[PDB]
file final-v5.txt (compact mmCIF, C-alpha atoms and all ligand atoms)
# COMPACT_ATOMS: atom_id res chain seq x y z
CA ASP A 24 31.19 1.67 -6.90
CA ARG A 25 29.47 -0.31 -9.69
CA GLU A 26 27.68 -1.70 -6.55
CA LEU A 27 26.45 1.85 -5.61
CA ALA A 28 25.36 2.50 -9.25
CA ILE A 29 23.32 -0.77 -9.19
CA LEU A 30 21.69 0.23 -5.84
CA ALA A 31 21.00 3.84 -7.06
CA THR A 32 19.49 2.45 -10.32
CA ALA A 33 17.23 -0.02 -8.39
CA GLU A 34 16.00 2.77 -6.00
CA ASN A 35 15.25 5.00 -9.07
CA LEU A 36 13.37 2.25 -10.95
CA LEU A 37 11.39 1.20 -7.81
CA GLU A 38 10.02 4.82 -7.82
CA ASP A 39 8.23 3.95 -11.15
CA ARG A 40 7.37 0.20 -10.91
CA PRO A 41 7.52 -2.98 -8.78
CA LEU A 42 10.56 -5.34 -8.45
CA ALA A 43 8.57 -7.94 -10.56
CA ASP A 44 8.60 -5.36 -13.45
CA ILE A 45 12.37 -4.67 -13.14
CA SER A 46 14.78 -7.11 -14.91
CA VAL A 47 18.48 -7.79 -13.97
CA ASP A 48 19.07 -6.37 -17.52
CA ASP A 49 17.20 -3.15 -16.45
CA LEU A 50 19.54 -2.83 -13.39
CA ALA A 51 22.67 -3.65 -15.48
CA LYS A 52 21.65 -1.16 -18.22
CA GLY A 53 20.88 1.60 -15.65
CA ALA A 54 24.25 0.98 -13.89
CA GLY A 55 26.20 0.96 -17.25
CA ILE A 56 27.41 -2.70 -16.83
CA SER A 57 26.69 -6.06 -18.47
CA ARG A 58 24.35 -8.74 -17.10
CA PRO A 59 27.32 -11.01 -16.01
CA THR A 60 29.09 -8.02 -14.41
CA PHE A 61 25.83 -7.41 -12.41
CA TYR A 62 25.94 -11.05 -11.16
CA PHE A 63 29.43 -10.45 -9.81
CA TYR A 64 28.04 -7.85 -7.28
CA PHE A 65 24.56 -9.41 -6.57
CA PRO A 66 23.17 -12.96 -6.92
CA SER A 67 19.68 -11.53 -7.89
CA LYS A 68 17.46 -8.38 -8.12
CA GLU A 69 15.94 -9.68 -4.81
CA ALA A 70 19.39 -9.32 -3.15
CA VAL A 71 19.57 -5.72 -4.49
CA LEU A 72 16.27 -4.87 -2.66
CA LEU A 73 17.52 -6.68 0.49
CA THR A 74 20.67 -4.47 0.46
CA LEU A 75 18.60 -1.26 -0.17
CA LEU A 76 16.27 -2.13 2.76
CA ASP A 77 19.27 -3.08 4.96
CA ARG A 78 20.80 0.41 4.33
CA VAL A 79 17.47 2.25 5.06
CA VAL A 80 16.79 0.22 8.27
CA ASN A 81 20.39 0.81 9.49
CA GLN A 82 20.11 4.57 8.73
CA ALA A 83 16.97 4.78 10.92
CA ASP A 84 18.56 2.59 13.64
CA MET A 85 21.77 4.76 13.66
CA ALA A 86 19.67 7.99 13.83
CA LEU A 87 17.69 6.55 16.81
CA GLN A 88 21.01 5.49 18.57
CA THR A 89 22.30 9.13 18.08
CA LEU A 90 19.15 10.49 19.78
CA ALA A 91 19.36 7.89 22.62
CA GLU A 92 23.01 9.00 23.41
CA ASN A 93 21.99 12.65 24.20
CA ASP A 98 9.17 17.55 27.62
CA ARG A 99 7.94 13.92 27.37
CA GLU A 100 5.72 14.69 24.32
CA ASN A 101 8.67 16.19 22.38
CA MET A 102 10.96 13.28 23.43
CA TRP A 103 8.60 10.69 21.80
CA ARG A 104 7.88 12.97 18.79
CA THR A 105 11.64 13.37 18.09
CA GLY A 106 12.06 9.56 18.18
CA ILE A 107 8.99 8.75 16.02
CA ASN A 108 10.25 11.49 13.59
CA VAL A 109 13.45 9.42 12.90
CA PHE A 110 11.23 6.75 11.28
CA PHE A 111 8.88 9.27 9.59
CA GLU A 112 11.84 11.13 7.92
CA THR A 113 14.07 8.12 7.23
CA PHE A 114 11.42 5.81 5.67
CA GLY A 115 9.51 8.83 4.28
CA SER A 116 12.71 9.86 2.38
CA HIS A 117 12.90 6.30 0.87
CA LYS A 118 9.24 5.54 0.01
CA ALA A 119 10.01 3.28 -3.01
CA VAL A 120 12.40 1.05 -0.95
CA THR A 121 10.02 1.01 2.09
CA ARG A 122 7.09 -0.18 -0.03
CA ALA A 123 9.04 -2.81 -2.07
CA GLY A 124 10.78 -3.97 1.18
CA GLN A 125 7.49 -4.49 3.02
CA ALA A 126 6.06 -6.47 0.01
CA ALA A 127 9.22 -8.68 -0.05
CA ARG A 128 8.56 -9.75 3.63
CA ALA A 129 5.94 -12.19 2.17
CA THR A 130 8.39 -13.88 -0.31
CA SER A 131 11.89 -13.30 1.21
CA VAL A 132 12.94 -15.04 4.49
CA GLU A 133 16.01 -12.71 4.54
CA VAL A 134 13.68 -9.64 4.26
CA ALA A 135 11.17 -11.03 6.89
CA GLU A 136 14.15 -11.76 9.25
CA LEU A 137 15.80 -8.32 8.74
CA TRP A 138 12.54 -6.52 9.49
CA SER A 139 11.82 -8.84 12.50
CA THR A 140 15.36 -8.32 14.00
CA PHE A 141 15.11 -4.51 13.89
CA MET A 142 11.44 -4.47 15.15
CA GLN A 143 12.58 -6.57 18.19
CA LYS A 144 15.42 -4.03 18.82
CA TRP A 145 13.12 -0.99 18.47
CA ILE A 146 10.43 -2.56 20.68
CA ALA A 147 13.06 -3.50 23.33
CA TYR A 148 14.33 0.13 23.30
CA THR A 149 10.74 1.53 23.49
CA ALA A 150 10.02 -0.77 26.49
CA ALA A 151 13.34 0.32 28.23
CA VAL A 152 12.31 4.05 27.88
CA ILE A 153 8.75 3.34 29.22
CA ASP A 154 10.33 1.41 32.20
CA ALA A 155 12.68 4.40 32.87
CA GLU A 156 9.62 6.71 32.73
CA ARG A 157 7.82 4.36 35.23
CA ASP A 158 10.95 4.16 37.51
CA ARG A 159 11.19 8.03 37.75
CA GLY A 160 7.41 8.16 38.54
CA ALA A 161 6.43 10.01 35.28
CA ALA A 162 4.44 7.05 33.80
CA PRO A 163 1.93 4.83 35.70
CA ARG A 164 2.45 1.04 35.95
CA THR A 165 -0.42 -0.04 33.63
CA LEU A 166 0.21 -2.64 30.90
CA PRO A 167 3.39 -4.71 30.73
CA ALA A 168 5.84 -2.26 29.10
CA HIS A 169 7.04 -4.80 26.48
CA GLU A 170 3.46 -5.57 25.32
CA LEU A 171 2.49 -1.84 25.18
CA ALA A 172 5.77 -1.21 23.20
CA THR A 173 4.94 -4.05 20.75
CA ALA A 174 1.44 -2.72 19.90
CA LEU A 175 2.74 0.88 19.54
CA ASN A 176 5.61 -0.21 17.22
CA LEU A 177 3.15 -2.30 15.15
CA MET A 178 0.78 0.66 14.95
CA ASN A 179 3.64 2.88 13.67
CA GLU A 180 4.78 0.24 11.14
CA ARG A 181 1.27 -0.13 9.66
CA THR A 182 0.27 3.57 9.85
CA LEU A 183 3.58 5.02 8.49
CA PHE A 184 3.68 2.52 5.57
CA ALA A 185 -0.05 3.01 4.74
CA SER A 186 0.47 6.83 4.69
CA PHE A 187 3.66 6.68 2.55
CA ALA A 188 1.94 4.29 0.03
CA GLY A 189 -1.19 6.55 -0.01
CA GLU A 190 -3.31 3.44 0.88
CA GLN A 191 -7.08 3.79 1.36
CA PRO A 192 -7.54 3.99 4.26
CA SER A 193 -4.53 5.97 5.62
CA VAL A 194 -3.76 8.98 7.85
CA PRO A 195 -2.66 11.84 5.53
CA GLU A 196 1.17 12.07 5.64
CA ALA A 197 1.01 15.70 6.97
CA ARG A 198 -1.09 14.41 10.03
CA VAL A 199 0.57 11.06 10.78
CA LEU A 200 3.29 12.38 13.20
CA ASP A 201 0.70 14.30 15.39
CA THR A 202 -1.64 11.26 15.26
CA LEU A 203 0.99 8.71 16.42
CA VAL A 204 2.50 11.04 19.07
CA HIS A 205 -0.97 11.59 20.65
CA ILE A 206 -1.63 7.79 20.88
CA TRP A 207 1.92 7.16 22.27
CA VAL A 208 1.73 9.90 24.97
CA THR A 209 -1.86 9.12 26.11
CA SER A 210 -1.19 5.31 26.20
CA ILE A 211 2.23 5.64 27.95
CA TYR A 212 1.25 8.38 30.53
CA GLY A 213 -2.54 7.80 30.86
CA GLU A 214 -3.91 6.06 34.02
CA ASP B 24 -23.60 -27.31 -1.68
CA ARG B 25 -20.64 -28.56 -3.75
CA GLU B 26 -19.76 -24.82 -3.34
CA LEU B 27 -19.76 -25.18 0.52
CA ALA B 28 -17.67 -28.41 0.27
CA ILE B 29 -15.09 -26.54 -1.90
CA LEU B 30 -14.97 -23.64 0.63
CA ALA B 31 -14.73 -26.05 3.65
CA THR B 32 -11.93 -28.01 1.87
CA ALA B 33 -9.97 -24.77 1.09
CA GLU B 34 -10.29 -23.54 4.75
CA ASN B 35 -9.06 -27.00 5.97
CA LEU B 36 -6.08 -27.10 3.57
CA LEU B 37 -5.11 -23.44 4.34
CA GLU B 38 -4.68 -24.65 8.00
CA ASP B 39 -1.72 -26.82 6.75
CA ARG B 40 -0.16 -24.86 3.81
CA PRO B 41 -0.30 -21.70 1.65
CA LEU B 42 -2.66 -21.11 -1.35
CA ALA B 43 0.46 -21.45 -3.66
CA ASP B 44 0.84 -25.07 -2.34
CA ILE B 45 -2.87 -25.94 -2.91
CA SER B 46 -3.92 -27.03 -6.46
CA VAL B 47 -7.46 -26.76 -8.01
CA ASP B 48 -7.11 -30.61 -8.12
CA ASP B 49 -6.50 -30.58 -4.30
CA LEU B 50 -9.74 -28.54 -3.80
CA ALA B 51 -11.71 -30.75 -6.28
CA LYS B 52 -10.41 -33.97 -4.63
CA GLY B 53 -11.20 -32.67 -1.10
CA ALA B 54 -14.74 -31.62 -2.21
CA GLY B 55 -15.36 -35.02 -3.99
CA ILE B 56 -15.80 -33.41 -7.49
CA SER B 57 -13.82 -33.30 -10.75
CA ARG B 58 -11.54 -30.45 -11.87
CA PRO B 59 -14.10 -29.22 -14.52
CA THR B 60 -16.95 -29.45 -11.97
CA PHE B 61 -14.79 -27.20 -9.66
CA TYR B 62 -14.49 -24.61 -12.49
CA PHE B 63 -18.27 -24.46 -12.72
CA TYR B 64 -18.45 -22.99 -9.12
CA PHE B 65 -15.16 -20.93 -9.08
CA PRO B 66 -12.97 -19.46 -11.85
CA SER B 67 -9.77 -20.12 -9.72
CA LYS B 68 -8.38 -21.13 -6.27
CA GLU B 69 -7.83 -17.32 -5.81
CA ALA B 70 -11.62 -16.79 -6.13
CA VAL B 71 -12.15 -19.50 -3.46
CA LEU B 72 -9.94 -17.49 -0.99
CA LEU B 73 -11.75 -14.24 -1.98
CA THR B 74 -15.11 -15.91 -1.11
CA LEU B 75 -13.74 -17.32 2.22
CA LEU B 76 -12.41 -13.85 3.21
CA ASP B 77 -15.68 -12.19 2.07
CA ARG B 78 -17.65 -14.53 4.41
CA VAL B 79 -15.28 -13.91 7.41
CA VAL B 80 -15.29 -10.08 6.89
CA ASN B 81 -19.12 -10.06 6.60
CA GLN B 82 -19.45 -12.23 9.75
CA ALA B 83 -17.38 -9.68 11.73
CA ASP B 84 -19.26 -6.72 10.15
CA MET B 85 -22.69 -8.33 10.98
CA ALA B 86 -21.56 -9.04 14.59
CA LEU B 87 -20.44 -5.37 14.97
CA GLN B 88 -23.83 -4.13 13.48
CA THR B 89 -25.66 -6.37 16.09
CA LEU B 90 -23.67 -4.72 18.91
CA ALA B 91 -24.24 -1.18 17.48
CA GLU B 92 -28.10 -1.77 17.48
CA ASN B 93 -28.25 -2.36 21.30
CA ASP B 98 -18.82 1.53 31.10
CA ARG B 99 -16.79 3.09 28.24
CA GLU B 100 -13.90 0.58 28.68
CA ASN B 101 -16.27 -2.42 28.36
CA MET B 102 -18.06 -0.81 25.35
CA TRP B 103 -14.77 -0.63 23.34
CA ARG B 104 -13.60 -4.07 24.62
CA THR B 105 -16.89 -5.70 23.45
CA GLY B 106 -16.44 -4.14 19.99
CA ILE B 107 -12.72 -5.02 19.61
CA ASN B 108 -13.66 -8.58 20.80
CA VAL B 109 -15.89 -9.06 17.67
CA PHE B 110 -12.71 -8.88 15.53
CA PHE B 111 -10.55 -10.88 18.00
CA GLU B 112 -13.11 -13.79 18.09
CA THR B 113 -14.23 -13.66 14.45
CA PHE B 114 -10.77 -13.47 12.81
CA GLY B 115 -9.23 -15.52 15.66
CA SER B 116 -11.74 -18.35 14.86
CA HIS B 117 -10.59 -18.25 11.17
CA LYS B 118 -6.79 -17.86 11.45
CA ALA B 119 -5.96 -19.77 8.22
CA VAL B 120 -8.33 -17.57 6.11
CA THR B 121 -7.18 -14.33 7.88
CA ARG B 122 -3.52 -15.04 7.13
CA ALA B 123 -4.01 -16.19 3.48
CA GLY B 124 -6.44 -13.24 2.93
CA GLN B 125 -3.95 -10.66 4.20
CA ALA B 126 -1.17 -12.17 1.95
CA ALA B 127 -3.54 -12.03 -1.10
CA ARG B 128 -3.95 -8.18 -0.61
CA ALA B 129 -0.50 -7.87 -2.35
CA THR B 130 -1.52 -9.91 -5.48
CA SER B 131 -5.36 -9.61 -5.66
CA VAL B 132 -7.04 -6.23 -6.48
CA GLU B 133 -10.39 -7.84 -5.46
CA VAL B 134 -8.86 -8.83 -2.05
CA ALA B 135 -7.15 -5.37 -1.56
CA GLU B 136 -10.50 -3.66 -2.45
CA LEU B 137 -12.61 -5.91 -0.14
CA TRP B 138 -10.30 -5.26 2.80
CA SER B 139 -10.13 -1.48 1.98
CA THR B 140 -14.00 -1.17 1.73
CA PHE B 141 -14.59 -2.79 5.14
CA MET B 142 -11.68 -0.87 6.83
CA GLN B 143 -13.28 2.43 5.59
CA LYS B 144 -16.66 1.30 7.06
CA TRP B 145 -15.13 0.24 10.42
CA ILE B 146 -13.07 3.44 10.66
CA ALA B 147 -16.16 5.58 9.81
CA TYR B 148 -18.13 3.76 12.57
CA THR B 149 -15.23 4.16 15.09
CA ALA B 150 -15.07 7.92 14.29
CA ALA B 151 -18.94 8.26 14.69
CA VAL B 152 -18.72 6.64 18.21
CA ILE B 153 -15.77 8.91 19.24
CA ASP B 154 -17.79 11.98 17.96
CA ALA B 155 -20.84 10.81 20.03
CA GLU B 156 -18.51 10.42 23.06
CA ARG B 157 -17.20 14.00 22.42
CA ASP B 158 -20.78 15.39 21.92
CA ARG B 159 -21.96 13.94 25.33
CA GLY B 160 -18.80 15.44 26.99
CA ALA B 161 -17.22 12.02 27.89
CA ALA B 162 -14.23 12.39 25.47
CA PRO B 163 -12.08 15.55 24.98
CA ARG B 164 -11.78 17.23 21.55
CA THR B 165 -8.14 16.28 20.81
CA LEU B 166 -7.19 14.80 17.42
CA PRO B 167 -9.57 14.79 14.45
CA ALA B 168 -11.81 11.78 15.24
CA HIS B 169 -11.44 10.26 11.75
CA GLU B 170 -7.61 10.36 11.90
CA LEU B 171 -7.51 8.91 15.47
CA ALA B 172 -9.98 6.16 14.27
CA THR B 173 -7.74 5.37 11.24
CA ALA B 174 -4.56 4.86 13.33
CA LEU B 175 -6.44 2.75 15.95
CA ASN B 176 -8.02 0.51 13.25
CA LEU B 177 -4.60 0.11 11.56
CA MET B 178 -3.04 -0.75 14.92
CA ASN B 179 -5.72 -3.45 15.48
CA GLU B 180 -5.30 -4.85 11.94
CA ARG B 181 -1.51 -5.21 12.32
CA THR B 182 -1.49 -6.34 15.99
CA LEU B 183 -4.38 -8.89 15.69
CA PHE B 184 -2.92 -10.45 12.50
CA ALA B 185 0.66 -10.55 13.93
CA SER B 186 -0.67 -12.29 17.10
CA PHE B 187 -2.81 -14.84 15.19
CA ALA B 188 0.15 -15.68 12.84
CA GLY B 189 2.52 -15.94 15.89
CA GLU B 190 4.85 -13.39 14.16
CA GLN B 191 8.05 -12.26 15.91
CA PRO B 192 7.44 -9.68 17.18
CA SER B 193 3.78 -9.98 18.35
CA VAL B 194 1.64 -9.44 21.47
CA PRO B 195 0.78 -12.91 22.87
CA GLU B 196 -2.80 -13.78 21.80
CA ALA B 197 -3.93 -14.08 25.49
CA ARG B 198 -2.76 -10.37 26.07
CA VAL B 199 -3.78 -8.70 22.79
CA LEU B 200 -7.38 -7.72 23.83
CA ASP B 201 -6.20 -6.01 27.11
CA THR B 202 -3.32 -4.32 25.19
CA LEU B 203 -5.54 -2.84 22.42
CA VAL B 204 -8.35 -1.81 24.83
CA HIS B 205 -5.85 0.14 27.01
CA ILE B 206 -4.46 2.07 23.96
CA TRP B 207 -8.03 2.74 22.65
CA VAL B 208 -9.40 4.04 26.01
CA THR B 209 -6.33 6.17 26.92
CA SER B 210 -6.11 7.68 23.36
CA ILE B 211 -9.91 8.31 23.06
CA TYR B 212 -10.51 9.68 26.66
CA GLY B 213 -7.02 11.07 27.54
CA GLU B 214 -6.45 14.88 27.50
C1 LIG C 301 14.33 10.98 20.98
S1 LIG C 301 14.22 9.31 21.62
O1 LIG C 301 14.92 9.32 22.94
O2 LIG C 301 14.88 8.38 20.66
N1 LIG C 301 12.53 8.90 21.89
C2 LIG C 301 12.40 7.53 22.36
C3 LIG C 301 12.00 6.61 21.24
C4 LIG C 301 11.61 5.86 20.39
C5 LIG C 301 10.95 5.10 19.33
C6 LIG C 301 10.18 5.80 18.45
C7 LIG C 301 9.48 5.23 17.43
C8 LIG C 301 9.46 3.88 17.25
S2 LIG C 301 8.50 3.15 15.98
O3 LIG C 301 7.43 2.46 16.70
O4 LIG C 301 8.13 4.26 15.15
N2 LIG C 301 9.62 2.17 15.00
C9 LIG C 301 9.30 0.90 14.44
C10 LIG C 301 9.65 1.00 12.95
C11 LIG C 301 8.45 1.58 12.29
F1 LIG C 301 8.62 2.85 12.06
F2 LIG C 301 8.12 0.85 11.26
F3 LIG C 301 7.45 1.54 13.17
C12 LIG C 301 10.23 3.12 18.16
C13 LIG C 301 10.94 3.76 19.20
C1 LIG C 302 -19.79 -2.77 21.38
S1 LIG C 302 -19.52 -1.49 20.15
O1 LIG C 302 -20.61 -0.49 20.36
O2 LIG C 302 -19.59 -2.10 18.80
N1 LIG C 302 -17.98 -0.70 20.46
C2 LIG C 302 -17.72 0.31 19.44
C3 LIG C 302 -16.76 -0.21 18.40
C4 LIG C 302 -15.94 -0.56 17.60
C5 LIG C 302 -14.82 -1.03 16.81
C6 LIG C 302 -13.97 -1.92 17.40
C7 LIG C 302 -12.85 -2.43 16.79
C8 LIG C 302 -12.47 -2.02 15.56
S2 LIG C 302 -11.00 -2.63 14.82
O3 LIG C 302 -10.11 -1.46 14.82
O4 LIG C 302 -10.63 -3.73 15.65
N2 LIG C 302 -11.47 -3.34 13.26
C9 LIG C 302 -10.69 -3.23 12.06
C10 LIG C 302 -10.53 -4.66 11.55
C11 LIG C 302 -9.34 -5.22 12.25
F1 LIG C 302 -9.71 -5.99 13.23
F2 LIG C 302 -8.53 -5.75 11.38
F3 LIG C 302 -8.72 -4.20 12.84
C12 LIG C 302 -13.31 -1.08 14.92
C13 LIG C 302 -14.45 -0.59 15.58

call {"tool": "encode", "arguments": {"input": "final-v5.txt", "output": "C-alpha cells", "more": "lines below"}}
Ligand SMILES: CS(=O)(=O)NCC#Cc1ccc(S(=O)(=O)NCCC(F)(F)F)cc1
Ligand SMILES: CS(=O)(=O)NCC#Cc1ccc(S(=O)(=O)NCCC(F)(F)F)cc1
result
Amino acid sequence: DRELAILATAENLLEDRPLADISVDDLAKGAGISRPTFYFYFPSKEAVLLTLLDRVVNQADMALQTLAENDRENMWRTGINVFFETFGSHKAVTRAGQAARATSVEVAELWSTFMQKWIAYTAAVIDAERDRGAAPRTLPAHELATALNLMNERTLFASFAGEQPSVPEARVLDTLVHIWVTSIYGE
Amino acid sequence: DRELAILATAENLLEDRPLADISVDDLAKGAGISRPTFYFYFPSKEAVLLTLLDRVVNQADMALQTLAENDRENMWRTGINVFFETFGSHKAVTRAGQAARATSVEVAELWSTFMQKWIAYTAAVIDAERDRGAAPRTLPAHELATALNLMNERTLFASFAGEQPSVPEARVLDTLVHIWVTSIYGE
C-alpha cells in the first residue's frame, strides 16, 4: 500500500544511483509519506532492498516451479531463460542485491538459500537425464550443478551490469546454453 | 624492506579478520614502525591490499606466461591449475581483494585488466585449437572464453572462501576442467 509505494520508489531510485546515495528521506518523499511513517513499514533502507530482492528471487523461483510442473537443448534454454528474463527485468535490484551480499547477512543468506535450491533442482534433472540414459555418468551431478549455477550467477550479473569483461546481453543465453548442454551431455 | 614487512603483516592479519577490522596502527605495529613511517610507504590500508592483490595477480599471470612459452585435457588442467594454486596459496588476499572490487576503482580496474588479458589468451588458444581442426567452430571463441573465465572466477573464489554453495576445494579442478573440455571440444 504505502509499503508498495516505498518499494516502487526504491526500485526507481536504484535505477539512477546506489543504496548508499539514497536516504530514508528520499524513499519517504518518493512514497509521499513522512520519515516516521516510513519507519513504521521498514526498519531501514537496507530492509527495503532485502524485500525487493526477496520478491525478485521468489518471482524467478515460482516461474521455475511452473516450468518444472509441465529437445534437451530447449529444455535447459527455457529454464535458464527464467533467470535471464526475471533478473534482466529487474537490473537495478539485481545489482544492488548482489552488492548487499557483502554487508548484509540477511541478503547473503537469502541468496545462499535459493542458490542451494536451484542447484539441488539442477542436479535432480541431470540425475533424471542420467537415469533415462540421455546423459553420461561423468562428474558428480551436484558438483557439476554447482559450477554451472555459479557460472550463470556471475555471467548473468556481469552482463546486466555491463561489466568489463562480460558476454553481451544479446549473446548470454546462447553462451550459457551451449556450456550447459555440452557439459551435461558430453562424454 | 619496511614495505615488505607492512605487506607481510597485512597478509597475516587478513587471515584472521577483514580490512575494516585492521587499523593503520595494526599494520604499523605488526611491521615494527610508527604510524607516520607507515604513511611514508602507503597512503592507506586500502593501498596495502591493492599492492598485495597486484602481486598475487602478477604471480598468476607470470606463471601462465611461463606455461604459454613451452593431451588437450591436461593442457587446460595445467593452465587452470596456475589459478587454483596461486590464488589458493593466498586465500586471505583473494577474498579481501574480491570484496574491495565493490569499493575500490583501482581494485575493480586491476581485476578487469587481467580478466581481459586472460580471456583474450583463452580465446587465442581456442582459435588455435579450431584452426588445427581439434575444436569445432561453435560459439564465438571470445564469448565462450568470457563465460568460462567468469565461471572459474566465481567457482574458485566460492571454494576458497568455503561459501555455501561451493564446489569442495578438492573437487574444483576436476569440475572446471570437465566443463572447459566438453564446452571447447563438444559439437
Ligand atoms: C524448463 S526447466 O525444466 O525448468 N529446465 C531445467 C532447469 C533449470 C535451471 C536453469 C538455470 C539455473 S541458473 O544456474 O541459471 N540459476 C541460478 C540463479 C542465477 F541465475 F543467478 F544463476 C538453474 C536451474
Ligand atoms: C598450460 S596453458 O597452455 O597455459 N593452458 C591454456 C590456458 C589457460 C587459462 C586457464 C584458466 C583461466 S581462468 O579462467 O581460470 N582465469 C581467470 C582468473 C580466475 F581464476 F579468477 F578465473 C584462463 C586461461

call {"tool": "residues_near_ligand", "arguments": {"input": "final-v5.txt", "ligand": "ligand LIG 301 (chain C)", "cutoff": "7 Å", "atoms": "only C-alpha atoms and all ligand atoms", "output": "PyMOL selection string"}}
result
chain A and resi 87+90-91+102-107+110-111+142+145-146+148-149+152+175-180+183

call {"tool": "interface_residues", "arguments": {"input": "final-v5.txt", "of": "chain A", "to": "chain B", "cutoff": "10 Å", "atoms": "all atoms listed in the file", "output": "PyMOL selection string"}}
result
chain A and resi 126+129-130+135-136+138-144+146+165-167+169-183+185+190-195+198-199+201-203+205-214

call {"tool": "residues_around", "arguments": {"input": "final-v5.txt", "residues": "residue 49 in chain A", "least_positions_apart": "2", "cutoff": "10 Å", "atoms": "all atoms listed in the file", "output": "ChimeraX atom specification"}}
result
/A:29,32-33,36,44-47,51-55,58,68

call {"tool": "axis_aligned_box", "arguments": {"input": "final-v5.txt", "around": "ligand LIG 302 (chain C)", "padding_each_side": "8 Å", "output": "AutoDock Vina command-line options"}}
result
--center_x -14.6 --center_y -2.8 --center_z 16.4 --size_x 28.1 --size_y 22.3 --size_z 26.0

call {"tool": "atom_distance", "arguments": {"input": "final-v5.txt", "atom1": "CA of residue 76 in chain B", "atom2": "CA of residue 62 in chain B"}}
result
19.1 Å

call {"tool": "decode", "arguments": {"input": "final-v5.txt", "residues": "range 70-123 of chain A", "atoms": "C-alpha atoms", "output": "mmCIF file, in the first residue's frame"}}
result
data_model
loop_
_atom_site.group_PDB
_atom_site.id
_atom_site.type_symbol
_atom_site.label_atom_id
_atom_site.label_comp_id
_atom_site.auth_asym_id
_atom_site.auth_seq_id
_atom_site.Cartn_x
_atom_site.Cartn_y
_atom_site.Cartn_z
ATOM 1 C CA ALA A 70 15.408 -3.795 4.717
ATOM 2 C CA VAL A 71 13.705 -2.177 1.679
ATOM 3 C CA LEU A 72 16.418 -3.688 -0.638
ATOM 4 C CA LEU A 73 16.129 -7.062 1.179
ATOM 5 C CA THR A 74 12.345 -7.067 0.467
ATOM 6 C CA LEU A 75 12.871 -6.023 -3.221
ATOM 7 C CA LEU A 76 15.443 -8.842 -3.700
ATOM 8 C CA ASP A 77 13.176 -11.331 -1.839
ATOM 9 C CA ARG A 78 10.324 -10.524 -4.305
ATOM 10 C CA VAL A 79 12.604 -10.847 -7.416
ATOM 11 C CA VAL A 80 14.169 -14.159 -6.191
ATOM 12 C CA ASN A 81 10.688 -15.583 -5.387
ATOM 13 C CA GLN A 82 9.360 -14.494 -8.822
ATOM 14 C CA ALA A 83 12.197 -16.422 -10.535
ATOM 15 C CA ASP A 84 11.748 -19.431 -8.193
ATOM 16 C CA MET A 85 7.924 -19.501 -8.841
ATOM 17 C CA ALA A 86 8.496 -19.250 -12.646
ATOM 18 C CA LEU A 87 10.990 -22.186 -12.471
ATOM 19 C CA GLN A 88 8.469 -24.265 -10.336
ATOM 20 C CA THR A 89 5.765 -23.561 -13.049
ATOM 21 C CA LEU A 90 8.120 -24.909 -15.748
ATOM 22 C CA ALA A 91 9.099 -27.971 -13.614
ATOM 23 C CA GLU A 92 5.341 -28.928 -13.205
ATOM 24 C CA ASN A 93 4.786 -29.328 -17.013
ATOM 25 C CA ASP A 98 14.514 -31.394 -27.073
ATOM 26 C CA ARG A 99 17.132 -31.362 -24.263
ATOM 27 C CA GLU A 100 18.731 -28.104 -25.549
ATOM 28 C CA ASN A 101 15.369 -26.259 -25.490
ATOM 29 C CA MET A 102 14.525 -27.712 -22.021
ATOM 30 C CA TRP A 103 17.698 -26.140 -20.470
ATOM 31 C CA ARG A 104 17.312 -22.905 -22.520
ATOM 32 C CA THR A 105 13.700 -22.450 -21.258
ATOM 33 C CA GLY A 106 14.907 -22.890 -17.653
ATOM 34 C CA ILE A 107 17.968 -20.587 -17.946
ATOM 35 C CA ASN A 108 15.610 -18.028 -19.650
ATOM 36 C CA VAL A 109 13.533 -17.751 -16.395
ATOM 37 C CA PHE A 110 16.605 -16.200 -14.713
ATOM 38 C CA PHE A 111 17.651 -14.141 -17.774
ATOM 39 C CA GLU A 112 14.131 -12.545 -18.075
ATOM 40 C CA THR A 113 13.334 -12.269 -14.362
ATOM 41 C CA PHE A 114 16.647 -10.725 -13.190
ATOM 42 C CA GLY A 115 17.091 -8.946 -16.557
ATOM 43 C CA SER A 116 13.694 -7.205 -15.979
ATOM 44 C CA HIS A 117 14.951 -6.013 -12.519
ATOM 45 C CA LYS A 118 18.570 -4.964 -13.233
ATOM 46 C CA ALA A 119 18.706 -2.200 -10.555
ATOM 47 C CA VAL A 120 17.528 -4.607 -7.771
ATOM 48 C CA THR A 121 19.807 -7.466 -9.037
ATOM 49 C CA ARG A 122 22.895 -5.243 -8.929
ATOM 50 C CA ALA A 123 22.148 -3.578 -5.533
#
